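Asker: Structure supplied as query-v8.cif; contents: mmCIF, N, CA and C atoms and all ligand atoms.
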```cif
data_run
loop_
_atom_site.group_PDB
_atom_site.id
_atom_site.type_symbol
_atom_site.label_atom_id
_atom_site.label_comp_id
_atom_site.auth_asym_id
_atom_site.auth_seq_id
_atom_site.Cartn_x
_atom_site.Cartn_y
_atom_site.Cartn_z
ATOM 1 N N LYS A 196 -75.989 84.376 -6.709
ATOM 2 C CA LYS A 196 -76.278 85.792 -6.900
ATOM 3 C C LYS A 196 -75.469 86.683 -5.968
ATOM 4 N N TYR A 197 -74.975 86.141 -4.855
ATOM 5 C CA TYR A 197 -74.292 86.923 -3.831
ATOM 6 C C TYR A 197 -72.833 86.509 -3.714
ATOM 7 N N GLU A 198 -72.151 86.372 -4.853
ATOM 8 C CA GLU A 198 -70.784 85.864 -4.842
ATOM 9 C C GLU A 198 -69.855 86.772 -4.047
ATOM 10 N N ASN A 199 -69.961 88.087 -4.244
ATOM 11 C CA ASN A 199 -69.082 89.057 -3.601
ATOM 12 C C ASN A 199 -69.870 90.081 -2.788
ATOM 13 N N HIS A 200 -71.049 89.699 -2.313
ATOM 14 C CA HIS A 200 -71.852 90.552 -1.454
ATOM 15 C C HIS A 200 -71.562 90.248 0.013
ATOM 16 N N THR A 201 -71.966 91.171 0.880
ATOM 17 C CA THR A 201 -71.977 90.938 2.316
ATOM 18 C C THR A 201 -73.342 90.428 2.760
ATOM 19 N N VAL A 202 -73.348 89.717 3.885
ATOM 20 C CA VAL A 202 -74.570 89.163 4.454
ATOM 21 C C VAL A 202 -74.542 89.341 5.965
ATOM 22 N N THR A 203 -75.681 89.730 6.534
ATOM 23 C CA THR A 203 -75.823 89.915 7.971
ATOM 24 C C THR A 203 -77.100 89.247 8.458
ATOM 25 N N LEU A 204 -77.083 88.802 9.716
ATOM 26 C CA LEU A 204 -78.168 88.004 10.268
ATOM 27 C C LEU A 204 -78.453 88.406 11.708
ATOM 28 N N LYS A 205 -79.738 88.483 12.040
ATOM 29 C CA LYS A 205 -80.222 88.502 13.416
ATOM 30 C C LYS A 205 -80.748 87.122 13.791
ATOM 31 N N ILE A 206 -80.147 86.514 14.813
ATOM 32 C CA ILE A 206 -80.261 85.085 15.060
ATOM 33 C C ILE A 206 -80.652 84.849 16.513
ATOM 34 N N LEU A 207 -81.436 83.794 16.725
ATOM 35 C CA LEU A 207 -81.821 83.309 18.044
ATOM 36 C C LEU A 207 -81.126 81.988 18.341
ATOM 37 N N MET A 208 -80.519 81.892 19.524
ATOM 38 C CA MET A 208 -79.795 80.704 19.947
ATOM 39 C C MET A 208 -80.172 80.328 21.373
ATOM 40 N N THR A 209 -80.083 79.029 21.654
ATOM 41 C CA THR A 209 -80.388 78.504 22.978
ATOM 42 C C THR A 209 -79.418 79.028 24.028
ATOM 43 N N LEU A 210 -79.966 79.351 25.196
ATOM 44 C CA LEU A 210 -79.157 79.727 26.345
ATOM 45 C C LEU A 210 -78.346 78.542 26.855
ATOM 46 N N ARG A 211 -77.094 78.811 27.222
ATOM 47 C CA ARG A 211 -76.167 77.790 27.686
ATOM 48 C C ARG A 211 -75.259 78.357 28.765
ATOM 49 N N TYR A 212 -74.755 77.464 29.614
ATOM 50 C CA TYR A 212 -73.922 77.852 30.740
ATOM 51 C C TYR A 212 -72.909 76.757 31.038
ATOM 52 N N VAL A 213 -71.799 77.159 31.660
ATOM 53 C CA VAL A 213 -70.828 76.240 32.239
ATOM 54 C C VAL A 213 -70.536 76.653 33.673
ATOM 55 N N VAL A 214 -70.164 75.669 34.488
ATOM 56 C CA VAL A 214 -69.875 75.884 35.903
ATOM 57 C C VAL A 214 -68.437 76.371 36.045
ATOM 58 N N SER A 215 -68.270 77.658 36.346
ATOM 59 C CA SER A 215 -66.947 78.250 36.483
ATOM 60 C C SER A 215 -66.461 78.270 37.926
ATOM 61 N N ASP A 216 -67.360 78.086 38.890
ATOM 62 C CA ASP A 216 -66.989 77.835 40.275
ATOM 63 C C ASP A 216 -68.180 77.217 40.988
ATOM 64 N N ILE A 217 -67.888 76.460 42.041
ATOM 65 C CA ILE A 217 -68.902 75.915 42.936
ATOM 66 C C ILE A 217 -68.782 76.607 44.287
ATOM 67 N N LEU A 218 -69.899 77.145 44.767
ATOM 68 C CA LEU A 218 -69.932 78.157 45.811
ATOM 69 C C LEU A 218 -70.930 77.722 46.876
ATOM 70 N N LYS A 219 -70.609 77.978 48.146
ATOM 71 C CA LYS A 219 -71.349 77.405 49.278
ATOM 72 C C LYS A 219 -71.653 75.927 49.033
ATOM 73 N N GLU A 220 -70.574 75.203 48.730
ATOM 74 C CA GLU A 220 -70.625 73.990 47.920
ATOM 75 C C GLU A 220 -71.424 72.866 48.571
ATOM 76 N N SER A 221 -71.329 72.703 49.892
ATOM 77 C CA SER A 221 -72.065 71.640 50.567
ATOM 78 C C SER A 221 -72.743 72.119 51.840
ATOM 79 N N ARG A 222 -74.004 71.717 51.986
ATOM 80 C CA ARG A 222 -74.832 71.967 53.155
ATOM 81 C C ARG A 222 -75.547 70.673 53.521
ATOM 82 N N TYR A 223 -75.665 70.398 54.820
ATOM 83 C CA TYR A 223 -75.891 69.047 55.316
ATOM 84 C C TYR A 223 -76.982 69.028 56.377
ATOM 85 N N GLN A 224 -77.639 67.875 56.503
ATOM 86 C CA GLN A 224 -78.623 67.644 57.559
ATOM 87 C C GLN A 224 -78.643 66.170 57.932
ATOM 88 N N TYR A 225 -78.432 65.865 59.214
ATOM 89 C CA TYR A 225 -78.792 64.558 59.769
ATOM 90 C C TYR A 225 -80.294 64.515 60.040
ATOM 91 N N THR A 226 -81.061 64.177 59.007
ATOM 92 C CA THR A 226 -82.497 63.962 59.158
ATOM 93 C C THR A 226 -82.777 62.684 59.951
ATOM 94 N N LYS A 227 -83.496 62.820 61.066
ATOM 95 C CA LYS A 227 -83.759 61.715 61.986
ATOM 96 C C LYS A 227 -85.245 61.570 62.291
ATOM 97 N N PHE A 228 -85.979 62.679 62.296
ATOM 98 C CA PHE A 228 -87.409 62.645 62.581
ATOM 99 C C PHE A 228 -88.158 61.795 61.561
ATOM 100 N N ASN A 229 -88.956 60.857 62.075
ATOM 101 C CA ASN A 229 -89.833 60.012 61.263
ATOM 102 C C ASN A 229 -89.028 59.143 60.302
ATOM 103 N N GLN A 230 -87.917 58.615 60.799
ATOM 104 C CA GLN A 230 -87.021 57.725 60.084
ATOM 105 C C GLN A 230 -86.708 56.530 60.970
ATOM 106 N N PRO A 231 -86.485 55.346 60.392
ATOM 107 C CA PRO A 231 -86.000 54.236 61.227
ATOM 108 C C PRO A 231 -84.674 54.547 61.892
ATOM 109 N N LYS A 232 -83.808 55.303 61.223
ATOM 110 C CA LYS A 232 -82.480 55.599 61.736
ATOM 111 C C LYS A 232 -82.003 56.909 61.127
ATOM 112 N N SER A 233 -80.938 57.449 61.713
ATOM 113 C CA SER A 233 -80.332 58.676 61.211
ATOM 114 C C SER A 233 -79.918 58.541 59.750
ATOM 115 N N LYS A 234 -80.233 59.569 58.962
ATOM 116 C CA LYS A 234 -79.950 59.613 57.534
ATOM 117 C C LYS A 234 -79.256 60.929 57.205
ATOM 118 N N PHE A 235 -78.304 60.877 56.275
ATOM 119 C CA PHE A 235 -77.555 62.048 55.830
ATOM 120 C C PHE A 235 -78.037 62.480 54.449
ATOM 121 N N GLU A 236 -78.428 63.750 54.330
ATOM 122 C CA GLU A 236 -78.927 64.330 53.087
ATOM 123 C C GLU A 236 -78.124 65.574 52.723
ATOM 124 N N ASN A 237 -77.648 65.619 51.478
ATOM 125 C CA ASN A 237 -76.926 66.767 50.931
ATOM 126 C C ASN A 237 -77.900 67.811 50.392
ATOM 127 N N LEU A 238 -77.898 68.993 51.002
ATOM 128 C CA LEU A 238 -78.750 70.099 50.581
ATOM 129 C C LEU A 238 -78.173 70.823 49.362
ATOM 130 N N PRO A 239 -78.976 71.676 48.713
ATOM 131 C CA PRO A 239 -78.584 72.252 47.417
ATOM 132 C C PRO A 239 -77.245 72.978 47.408
ATOM 133 N N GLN A 240 -76.463 72.713 46.363
ATOM 134 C CA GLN A 240 -75.296 73.512 46.020
ATOM 135 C C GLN A 240 -75.709 74.817 45.341
ATOM 136 N N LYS A 241 -74.861 75.839 45.469
ATOM 137 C CA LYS A 241 -74.946 77.050 44.656
ATOM 138 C C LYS A 241 -73.819 77.063 43.626
ATOM 139 N N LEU A 242 -74.170 77.321 42.367
ATOM 140 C CA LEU A 242 -73.231 77.330 41.249
ATOM 141 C C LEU A 242 -73.079 78.740 40.692
ATOM 142 N N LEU A 243 -71.838 79.141 40.408
ATOM 143 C CA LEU A 243 -71.560 80.367 39.656
ATOM 144 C C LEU A 243 -71.325 80.010 38.190
ATOM 145 N N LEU A 244 -72.349 80.228 37.373
ATOM 146 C CA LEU A 244 -72.372 79.839 35.970
ATOM 147 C C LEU A 244 -71.776 80.908 35.054
ATOM 148 N N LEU B 253 -85.342 78.104 61.494
ATOM 149 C CA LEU B 253 -83.971 77.615 61.461
ATOM 150 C C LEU B 253 -83.278 78.200 60.242
ATOM 151 N N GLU B 254 -82.105 78.793 60.462
ATOM 152 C CA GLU B 254 -81.309 79.412 59.408
ATOM 153 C C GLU B 254 -79.884 78.888 59.482
ATOM 154 N N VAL B 255 -79.432 78.261 58.400
ATOM 155 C CA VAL B 255 -78.070 77.751 58.285
ATOM 156 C C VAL B 255 -77.544 78.112 56.905
ATOM 157 N N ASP B 256 -76.387 78.771 56.875
ATOM 158 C CA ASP B 256 -75.556 78.924 55.680
ATOM 159 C C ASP B 256 -76.348 79.409 54.466
ATOM 160 N N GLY B 257 -77.171 80.432 54.684
ATOM 161 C CA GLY B 257 -77.946 81.040 53.623
ATOM 162 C C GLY B 257 -79.249 80.370 53.249
ATOM 163 N N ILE B 258 -79.616 79.255 53.877
ATOM 164 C CA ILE B 258 -80.933 78.651 53.707
ATOM 165 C C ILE B 258 -81.684 78.720 55.028
ATOM 166 N N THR B 259 -82.942 79.158 54.962
ATOM 167 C CA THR B 259 -83.762 79.428 56.133
ATOM 168 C C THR B 259 -85.145 78.825 55.945
ATOM 169 N N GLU B 260 -85.732 78.352 57.044
ATOM 170 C CA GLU B 260 -87.085 77.814 57.036
ATOM 171 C C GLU B 260 -87.810 78.243 58.301
ATOM 172 N N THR B 261 -89.102 78.531 58.153
ATOM 173 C CA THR B 261 -89.996 78.865 59.257
ATOM 174 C C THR B 261 -91.297 78.089 59.134
ATOM 175 N N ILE B 262 -91.752 77.529 60.251
ATOM 176 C CA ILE B 262 -92.986 76.753 60.310
ATOM 177 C C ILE B 262 -93.751 77.188 61.551
ATOM 178 N N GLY B 263 -95.056 77.403 61.395
ATOM 179 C CA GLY B 263 -95.957 77.610 62.512
ATOM 180 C C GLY B 263 -97.099 76.617 62.599
ATOM 181 N N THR B 264 -97.044 75.743 63.598
ATOM 182 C CA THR B 264 -97.979 74.636 63.727
ATOM 183 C C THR B 264 -99.316 75.123 64.277
ATOM 184 N N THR B 265 -100.328 74.261 64.154
ATOM 185 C CA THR B 265 -101.592 74.495 64.839
ATOM 186 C C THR B 265 -101.483 74.364 66.352
ATOM 187 N N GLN B 266 -100.406 73.779 66.868
ATOM 188 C CA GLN B 266 -100.229 73.708 68.312
ATOM 189 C C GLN B 266 -100.202 75.103 68.918
ATOM 190 N N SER B 267 -100.786 75.226 70.104
ATOM 191 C CA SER B 267 -100.734 76.468 70.852
ATOM 192 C C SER B 267 -100.897 76.149 72.329
ATOM 193 N N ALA B 268 -100.529 77.122 73.161
ATOM 194 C CA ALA B 268 -100.722 76.984 74.599
ATOM 195 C C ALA B 268 -102.181 76.736 74.955
ATOM 196 N N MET B 269 -103.107 77.360 74.226
ATOM 197 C CA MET B 269 -104.524 77.238 74.548
ATOM 198 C C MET B 269 -105.196 76.024 73.915
ATOM 199 N N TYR B 270 -104.703 75.533 72.778
ATOM 200 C CA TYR B 270 -105.363 74.440 72.076
ATOM 201 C C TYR B 270 -104.342 73.540 71.402
ATOM 202 N N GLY B 271 -104.646 72.243 71.397
ATOM 203 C CA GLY B 271 -103.771 71.261 70.800
ATOM 204 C C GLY B 271 -103.883 71.215 69.288
ATOM 205 N N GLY B 272 -102.903 70.546 68.683
ATOM 206 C CA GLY B 272 -102.765 70.571 67.237
ATOM 207 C C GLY B 272 -103.952 69.997 66.487
ATOM 208 N N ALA B 273 -104.603 68.980 67.049
ATOM 209 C CA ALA B 273 -105.786 68.373 66.449
ATOM 210 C C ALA B 273 -107.101 68.929 66.988
ATOM 211 N N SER B 274 -107.050 69.965 67.826
ATOM 212 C CA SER B 274 -108.252 70.460 68.493
ATOM 213 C C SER B 274 -109.347 70.846 67.505
ATOM 214 N N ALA B 275 -108.968 71.373 66.341
ATOM 215 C CA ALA B 275 -109.951 71.721 65.317
ATOM 216 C C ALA B 275 -110.728 70.502 64.832
ATOM 217 N N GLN B 276 -110.031 69.400 64.560
ATOM 218 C CA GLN B 276 -110.711 68.179 64.135
ATOM 219 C C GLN B 276 -111.624 67.630 65.225
ATOM 220 N N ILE B 277 -111.127 67.557 66.460
ATOM 221 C CA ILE B 277 -111.945 67.077 67.573
ATOM 222 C C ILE B 277 -113.199 67.928 67.736
ATOM 223 N N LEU B 278 -113.037 69.248 67.725
ATOM 224 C CA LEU B 278 -114.170 70.141 67.939
ATOM 225 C C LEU B 278 -115.206 70.047 66.824
ATOM 226 N N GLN B 279 -114.775 69.794 65.589
ATOM 227 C CA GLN B 279 -115.725 69.510 64.515
ATOM 228 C C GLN B 279 -116.394 68.149 64.677
ATOM 229 N N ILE B 280 -115.650 67.145 65.139
ATOM 230 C CA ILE B 280 -116.252 65.849 65.449
ATOM 231 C C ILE B 280 -117.347 65.984 66.502
ATOM 232 N N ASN B 281 -117.105 66.776 67.546
ATOM 233 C CA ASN B 281 -118.145 67.025 68.542
ATOM 234 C C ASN B 281 -119.382 67.667 67.922
ATOM 235 N N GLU B 282 -119.188 68.678 67.076
ATOM 236 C CA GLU B 282 -120.317 69.350 66.438
ATOM 237 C C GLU B 282 -121.184 68.380 65.643
ATOM 238 N N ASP B 283 -120.565 67.410 64.976
ATOM 239 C CA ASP B 283 -121.323 66.399 64.246
ATOM 240 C C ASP B 283 -121.967 65.374 65.173
ATOM 241 N N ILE B 284 -121.211 64.877 66.152
ATOM 242 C CA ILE B 284 -121.749 63.902 67.097
ATOM 243 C C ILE B 284 -122.970 64.445 67.834
ATOM 244 N N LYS B 285 -122.926 65.703 68.279
ATOM 245 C CA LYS B 285 -124.083 66.263 68.976
ATOM 246 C C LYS B 285 -125.327 66.251 68.098
ATOM 247 N N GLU B 286 -125.202 66.706 66.852
ATOM 248 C CA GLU B 286 -126.333 66.647 65.933
ATOM 249 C C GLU B 286 -126.750 65.203 65.700
ATOM 250 N N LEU B 287 -125.766 64.346 65.444
ATOM 251 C CA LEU B 287 -126.021 62.943 65.161
ATOM 252 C C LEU B 287 -126.692 62.242 66.336
ATOM 253 N N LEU B 288 -126.243 62.538 67.556
ATOM 254 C CA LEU B 288 -126.765 61.881 68.750
ATOM 255 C C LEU B 288 -128.131 62.414 69.169
ATOM 256 N N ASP B 289 -128.328 63.730 69.107
ATOM 257 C CA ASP B 289 -129.635 64.304 69.414
ATOM 258 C C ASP B 289 -130.709 63.791 68.465
ATOM 259 N N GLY B 290 -130.400 63.726 67.173
ATOM 260 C CA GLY B 290 -131.352 63.183 66.219
ATOM 261 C C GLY B 290 -131.675 61.720 66.457
ATOM 262 N N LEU B 291 -130.668 60.922 66.811
ATOM 263 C CA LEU B 291 -130.896 59.497 67.022
ATOM 264 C C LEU B 291 -131.697 59.218 68.289
ATOM 265 N N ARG B 292 -131.524 60.027 69.335
ATOM 266 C CA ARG B 292 -132.336 59.861 70.539
ATOM 267 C C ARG B 292 -133.826 59.954 70.237
ATOM 268 N N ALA B 293 -134.201 60.714 69.208
ATOM 269 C CA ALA B 293 -135.597 60.791 68.794
ATOM 270 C C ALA B 293 -136.099 59.489 68.185
ATOM 271 N N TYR B 294 -135.196 58.610 67.751
ATOM 272 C CA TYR B 294 -135.604 57.302 67.255
ATOM 273 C C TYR B 294 -135.987 56.358 68.385
ATOM 274 N N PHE B 295 -135.366 56.506 69.554
ATOM 275 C CA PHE B 295 -135.641 55.669 70.716
ATOM 276 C C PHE B 295 -136.601 56.334 71.692
ATOM 277 N N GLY B 296 -136.446 57.637 71.902
ATOM 278 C CA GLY B 296 -137.290 58.392 72.802
ATOM 279 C C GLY B 296 -136.881 58.335 74.263
ATOM 280 N N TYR B 297 -137.592 59.138 75.051
ATOM 281 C CA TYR B 297 -137.378 59.244 76.485
ATOM 282 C C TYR B 297 -137.863 58.000 77.222
ATOM 283 N N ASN B 298 -137.323 57.822 78.424
ATOM 284 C CA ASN B 298 -137.627 56.692 79.289
ATOM 285 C C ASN B 298 -138.604 57.123 80.374
ATOM 286 N N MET B 299 -139.582 56.263 80.655
ATOM 287 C CA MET B 299 -140.605 56.527 81.657
ATOM 288 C C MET B 299 -140.786 55.294 82.526
ATOM 289 N N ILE B 300 -141.036 55.524 83.812
ATOM 290 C CA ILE B 300 -141.373 54.467 84.756
ATOM 291 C C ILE B 300 -142.415 54.991 85.734
ATOM 292 N N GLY B 301 -143.427 54.171 85.999
ATOM 293 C CA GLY B 301 -144.445 54.537 86.958
ATOM 294 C C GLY B 301 -143.943 54.507 88.388
ATOM 295 N N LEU B 302 -144.675 55.210 89.246
ATOM 296 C CA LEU B 302 -144.343 55.302 90.662
ATOM 297 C C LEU B 302 -145.577 55.636 91.490
HETATM 298 ZN ZN ZN C 401 -139.210 52.589 77.227
#
```
I'd like the structure from this file rewritten - as structure tokens, please.
Ligand SMILES: [Zn+2]
Answerer:
Amino acid sequence: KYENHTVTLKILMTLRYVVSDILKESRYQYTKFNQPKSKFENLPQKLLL
Amino acid sequence: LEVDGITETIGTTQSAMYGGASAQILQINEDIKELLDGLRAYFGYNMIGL
């Protein structure tokens, strides 16, 4: 029925992102309290999406 | 402690006037006193003639 008609839509789509830069990229702690020995833990990165 | 945009603050129960577990100890005393006073009534006072 709509061979030569126009069609328009209002649509919902899932949010999506890509990492375009990594910022304040690494933060660190030698956690030692209440451990058998010194341990290295990487704290949260910040991403610019 | 604040490093590189991440910060943390902690305030312990420790203080110059009272230790960190002082609340637990002081509640233990409150129970022991009630518990001990009541139990002494099971045995009673001591008497000796003279
Ligand atoms: Zn007696």
Asker: Give me, as a PDB file with N, CA and C atoms, keeping the file's coordinate frame, all polymer residues having an atom no more than 8 Å from region 238-240 of chain A, counting all atoms listed in the file and skipping those fewer than 3 positions away in the same chain.
Answerer:
```
ATOM      1  N   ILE A 217     -67.888  76.460  42.041  1.00  0.00           N
ATOM      2  CA  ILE A 217     -68.902  75.915  42.936  1.00  0.00           C
ATOM      3  C   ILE A 217     -68.782  76.607  44.287  1.00  0.00           C
ATOM      4  N   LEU A 218     -69.899  77.145  44.767  1.00  0.00           N
ATOM      5  CA  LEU A 218     -69.932  78.157  45.811  1.00  0.00           C
ATOM      6  C   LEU A 218     -70.930  77.722  46.876  1.00  0.00           C
ATOM      7  N   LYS A 219     -70.609  77.978  48.146  1.00  0.00           N
ATOM      8  CA  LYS A 219     -71.349  77.405  49.278  1.00  0.00           C
ATOM      9  C   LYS A 219     -71.653  75.927  49.033  1.00  0.00           C
ATOM     10  N   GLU A 220     -70.574  75.203  48.730  1.00  0.00           N
ATOM     11  CA  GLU A 220     -70.625  73.990  47.920  1.00  0.00           C
ATOM     12  C   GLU A 220     -71.424  72.866  48.571  1.00  0.00           C
ATOM     13  N   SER A 221     -71.329  72.703  49.892  1.00  0.00           N
ATOM     14  CA  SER A 221     -72.065  71.640  50.567  1.00  0.00           C
ATOM     15  C   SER A 221     -72.743  72.119  51.840  1.00  0.00           C
ATOM     16  N   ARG A 222     -74.004  71.717  51.986  1.00  0.00           N
ATOM     17  CA  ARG A 222     -74.832  71.967  53.155  1.00  0.00           C
ATOM     18  C   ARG A 222     -75.547  70.673  53.521  1.00  0.00           C
ATOM     19  N   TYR A 223     -75.665  70.398  54.820  1.00  0.00           N
ATOM     20  CA  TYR A 223     -75.891  69.047  55.316  1.00  0.00           C
ATOM     21  C   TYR A 223     -76.982  69.028  56.377  1.00  0.00           C
ATOM     22  N   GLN A 224     -77.639  67.875  56.503  1.00  0.00           N
ATOM     23  CA  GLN A 224     -78.623  67.644  57.559  1.00  0.00           C
ATOM     24  C   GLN A 224     -78.643  66.170  57.932  1.00  0.00           C
ATOM     25  N   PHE A 235     -78.304  60.877  56.275  1.00  0.00           N
ATOM     26  CA  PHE A 235     -77.555  62.048  55.830  1.00  0.00           C
ATOM     27  C   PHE A 235     -78.037  62.480  54.449  1.00  0.00           C
ATOM     28  N   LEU A 243     -71.838  79.141  40.408  1.00  0.00           N
ATOM     29  CA  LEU A 243     -71.560  80.367  39.656  1.00  0.00           C
ATOM     30  C   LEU A 243     -71.325  80.010  38.190  1.00  0.00           C
TER      31      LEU A 243
END
```
Asker: Please, which residues have at least one atom within 6.5 Å of an atom of ligand ZN 401 (chain C), using all atoms listed in the file, listed as number ranges by chain?
Answerer: B: 297-299
Asker: In chain A, what's strand (DSSP E) per DSSP? Answer as a short mmCIF file (atom, residue, chain, number, x, y, z; two decimals) with N, CA and C atoms, in the coordinates of the input?
Answerer:
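This went into result-v1.cif:
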```
data_model
loop_
_atom_site.label_atom_id
_atom_site.label_comp_id
_atom_site.auth_asym_id
_atom_site.auth_seq_id
_atom_site.Cartn_x
_atom_site.Cartn_y
_atom_site.Cartn_z
N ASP A 216 -67.36 78.09 38.89
CA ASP A 216 -66.99 77.83 40.28
C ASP A 216 -68.18 77.22 40.99
N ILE A 217 -67.89 76.46 42.04
CA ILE A 217 -68.90 75.92 42.94
C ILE A 217 -68.78 76.61 44.29
N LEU A 218 -69.90 77.14 44.77
CA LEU A 218 -69.93 78.16 45.81
C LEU A 218 -70.93 77.72 46.88
N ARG A 222 -74.00 71.72 51.99
CA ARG A 222 -74.83 71.97 53.16
C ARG A 222 -75.55 70.67 53.52
N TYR A 223 -75.67 70.40 54.82
CA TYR A 223 -75.89 69.05 55.32
C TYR A 223 -76.98 69.03 56.38
N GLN A 224 -77.64 67.88 56.50
CA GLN A 224 -78.62 67.64 57.56
C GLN A 224 -78.64 66.17 57.93
N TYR A 225 -78.43 65.86 59.21
CA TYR A 225 -78.79 64.56 59.77
C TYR A 225 -80.29 64.52 60.04
N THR A 226 -81.06 64.18 59.01
CA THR A 226 -82.50 63.96 59.16
C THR A 226 -82.78 62.68 59.95
N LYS A 234 -80.23 59.57 58.96
CA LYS A 234 -79.95 59.61 57.53
C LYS A 234 -79.26 60.93 57.20
N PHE A 235 -78.30 60.88 56.28
CA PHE A 235 -77.56 62.05 55.83
C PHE A 235 -78.04 62.48 54.45
N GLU A 236 -78.43 63.75 54.33
CA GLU A 236 -78.93 64.33 53.09
C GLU A 236 -78.12 65.57 52.72
N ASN A 237 -77.65 65.62 51.48
CA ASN A 237 -76.93 66.77 50.93
C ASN A 237 -77.90 67.81 50.39
N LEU A 238 -77.90 68.99 51.00
CA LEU A 238 -78.75 70.10 50.58
C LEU A 238 -78.17 70.82 49.36
N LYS A 241 -74.86 75.84 45.47
CA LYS A 241 -74.95 77.05 44.66
C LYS A 241 -73.82 77.06 43.63
N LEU A 242 -74.17 77.32 42.37
CA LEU A 242 -73.23 77.33 41.25
C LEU A 242 -73.08 78.74 40.69
N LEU A 243 -71.84 79.14 40.41
CA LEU A 243 -71.56 80.37 39.66
C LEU A 243 -71.32 80.01 38.19
#
```
Asker: What are the DSSP helix (DSSP H, G or I) residues of chain B, as a ChimeraX atom specification?
Answerer: /B:274-295
Asker: Set out as a tab-separated table a contact list for chain B and chain A with a cut-off of 10 Å, giving each residue of chain B that qualifies its closest atom pair and distance in Å to one decimal, counting only C-alpha atoms, ordered by chain and rising residue number.
Answerer:
```
residue	atom	partner	partner_atom	distance
B:255	CA	A:222	CA	8.4
B:256	CA	A:222	CA	7.4
B:257	CA	A:219	CA	8.7
B:258	CA	A:222	CA	9.1
```
